[PDB]
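J.: quick one: experimental structure and sequence below.
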Amino acid sequence: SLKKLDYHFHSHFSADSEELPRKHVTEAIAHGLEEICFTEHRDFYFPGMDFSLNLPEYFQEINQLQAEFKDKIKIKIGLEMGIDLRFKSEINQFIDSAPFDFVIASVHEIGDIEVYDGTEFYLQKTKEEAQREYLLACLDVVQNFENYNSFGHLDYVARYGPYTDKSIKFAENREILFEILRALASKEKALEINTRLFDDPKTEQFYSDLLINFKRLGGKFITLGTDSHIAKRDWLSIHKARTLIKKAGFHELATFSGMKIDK
Ligand SMILES: N[C@H](CO[AsH](O)(O)O)Cc1cnc[nH]1
Ligand SMILES: [Cl-]
Ligand SMILES: [Cl-]
Ligand SMILES: [Cl-]
Ligand SMILES: [Zn+2]
Ligand SMILES: [Zn+2]
Ligand SMILES: [Zn+2]
Ligand SMILES: [Zn+2]
């Protein structure tokens with residue numbers, strides 16, 4: 001059975017969350033989670049909004065919670081790092097500046113245009129065009145950046161936009177997704193199963209396809225996260241994800257300490 005965990009969530013330390021870290025912990029304990037990893041935002045020179053992170057304060061707060069809740073739950077201190085290859089050396093300096101336990105690499109903007117509701121990213125672009133541009137940027141990151149553990153939300157582009165049906169289909173992006181999955185596998189990176197959109201059967205179908213093909217292409221490591229910016233979680237969505245992961249033939253989730261896989 002898979003370790004009960006959440007490896008992607010945000011508290012007031014992130015620019016777009018105002019949640020109490022203690023509340024994530026008490027919610028996690030009430031559900032019976034064995035391990036959690038805070039993954040606060042850092043994105044360099046982000047368009048329209050600063051995603052900065054106060055490392056002294058962040059580490060101090062979580063370090064206190066680790067001590068207080070030591071006997072009840074395992075707590076890790078991680079990072080969701082927005083990647084843009086233009087800032088690779090600055091990004092690497094930041095990641096190397098503190099002893100993060102776990103790092104997610106995510107694409108949140110492309111060419112200083114944010115991928116989000118109401119931005120220029122989706123303007124006069126078909127959903128297929130938007131999906132292709134987003135996945136090409138992800139592939140670029142996987143090919144040229146190595147300082148992370150797991151690749152965040154491949155379906156991110158399907159959260160937003162003006163389309164009636166925002167879903168992403170594996171079949172319509174098969175070649176690029178194969179390239180991404182194989183590159184992750186060969187570099188021994190984890191694939192993140194992100195439960196944000198799991199209320200939608202089409203999201204389940206997409207991740208099921210991701211999982212089965214990752215396995216086919218040599219994938220070993222899977223991380224699981226809610227992406228919750230508040231403490232209240234959608235546990236049904238998490239349970240649905242856990243079922244897919246097991247069904248696809250993964251018998252363990254990957255956990256990390258100081259960015260090294262736990263044995
Ligand atoms: N990147 C941000 C969204 O959070 As998550 O990547 O789902 O942890 C983008 C954003 C939030 N608020 C404005 N823009
Ligand atoms: Cl669970
Ligand atoms: Cl910055
Ligand atoms: Cl690198
Ligand atoms: Zn966020
Ligand atoms: Zn993200
Ligand atoms: Zn996130
Ligand atoms: Zn559960």
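T.: Thanks, I have it. Numbers count the residues shown, from 1 in each chain. Ligands and ions are numbered 1, 2, ... in the order given.
J.: from here on, contacts and neighbour counts on C-alpha atoms
T.: Will do.
J.: run through the neighbouring helices and strands of the longest helix seen in the chain.
T.: The longest helix of the chain (DSSP state H) is helix 127-144. When contacts are defined as 3 or more CA pairs under 8 Å, 6 or more residues apart in numbering; DSSP states H and E, helix 127-144 packs onto helix 174-186.
J.: what sits closest to the residue minimising distance to the centre of the chain if chain neighbours are left out?
T.: Central residue of the chain (CA atoms, centre = their mean): residue 152, 3.1 Å from the mean position. Nearest non-adjacent residue to residue 152, counting by CA to CA, 6 or more residues apart in numbering: residue 106, 4.8 Å away.
J.: for residue 112, give me phi and psi.
T.: Dihedral pair for residue 112: phi 70, psi 20, per degrees, to the nearest 10.
J.: host element of residue 211?
T.: Using DSSP states H and E, the element containing residue 211 is helix 201-216.
J.: centre of the chain to that helix, how far?
T.: Mean-position distance between helix 201-216 and its chain equals 16 Å (CA atoms, centre = their mean, to the nearest Å).
J.: can you count the residues close to the residue in the stretch 1-150 of the chain that ligand 3 sits nearest to?
T.: Taking CA to the ion, ligand 3 has its nearest neighbour within the stretch 1-150 of the chain at residue 44, 3.7 Å off. Applying other CA atoms under 10 Å, we find 18 residues neighbouring residue 44.
J.: also residue 105?
T.: Neighbour count of residue 105, defined by other CA under 10 Å: 24.
J.: about what we covered before: does ligand 1 sit close to the next helix-or-strand element following the helix holding residue 211?
T.: Moving toward the C-terminus from helix 201-216, the next helix or strand (DSSP H and E) is strand 222-225. No. Under the criterion of CA under 6 Å from any ligand atom, ligand 1 is not reached by strand 222-225; the shortest gap measures 10.3 Å.
J.: can you check stretch 190-200 too?
T.: No. Using CA under 6 Å from any ligand atom, stretch 190-200 never reaches ligand 1; the gap is at least 7.7 Å.
J.: that stretch: end-to-end distance?
T.: End-to-end distance for stretch 190-200, by CA to CA, to the nearest Å: 23 Å.
J.: so for it, what gets flagged as buried?
T.: In terms of neighbour count (16 or more other CA atoms under 10 Å), stretch 190-200 has its buried residues at 190, 191, 192, 193, 194, 195, 196, 197, 198.
J.: dump those residues into a markdown table; add secondary structure as well.
T.: A markdown table is the format used below for these (DSSP: H, G, I helix; E, B strand; the rest coil):
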| residue | secondary structure |
| --- | --- |
| 190 | strand |
| 191 | strand |
| 192 | strand |
| 193 | strand |
| 194 | strand |
| 195 | coil |
| 196 | coil |
| 197 | coil |
| 198 | coil |
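J.: let me see the contact set for residue 15.
T.: By CA atoms under 8 Å, 6 or more residues apart in numbering, residue 15 lies in contact with 41, 50, 51, 52, 53.
J.: nearest to ligand 4, of those?
T.: residue 41 (18.2 Å).
J.: in a helix, the closest one, correct?
T.: No. Counting by three-state DSSP, residue 41 is not part of a helix but strand.
J.: quick one: contacts for it?
T.: Contacts of residue 41 (CA under 8 Å, 6+ apart): 10, 13, 14, 15, 51, 52, 53, 79, 80, 81, 82.
J.: quick revisit: distance of the residue of the stretch 1-150 of the chain closest to ligand 3 relative to ligand 1?
T.: 12 Å (CA to the nearest ligand atom, to the nearest Å).
J.: quick check: that residue touching residue 87?
T.: Yes. Here residue 44 lies in contact with residue 87, judged by CA atoms under 8 Å, at a distance of 7.4 Å.
J.: run a quick neighbour tally on the closest residue to ligand 4 within the stretch 151-263 of the chain.
T.: The stretch 151-263 of the chain approaches ligand 4 most closely through residue 187 (11.8 Å), counting by CA to the ion. Around residue 187 there are 13 other residues, counting by other CA under 10 Å.
J.: now the closest residue to ligand 1 within the stretch 51-200 of the chain, nearest residue through space, not along the chain?
T.: Relative to ligand 1, the nearest point of the stretch 51-200 of the chain is residue 108 (5.4 Å; CA to the nearest ligand atom). Nearest residue to residue 108, sequence neighbours excluded (CA to CA, 6+ apart): residue 115, at 5.7 Å.
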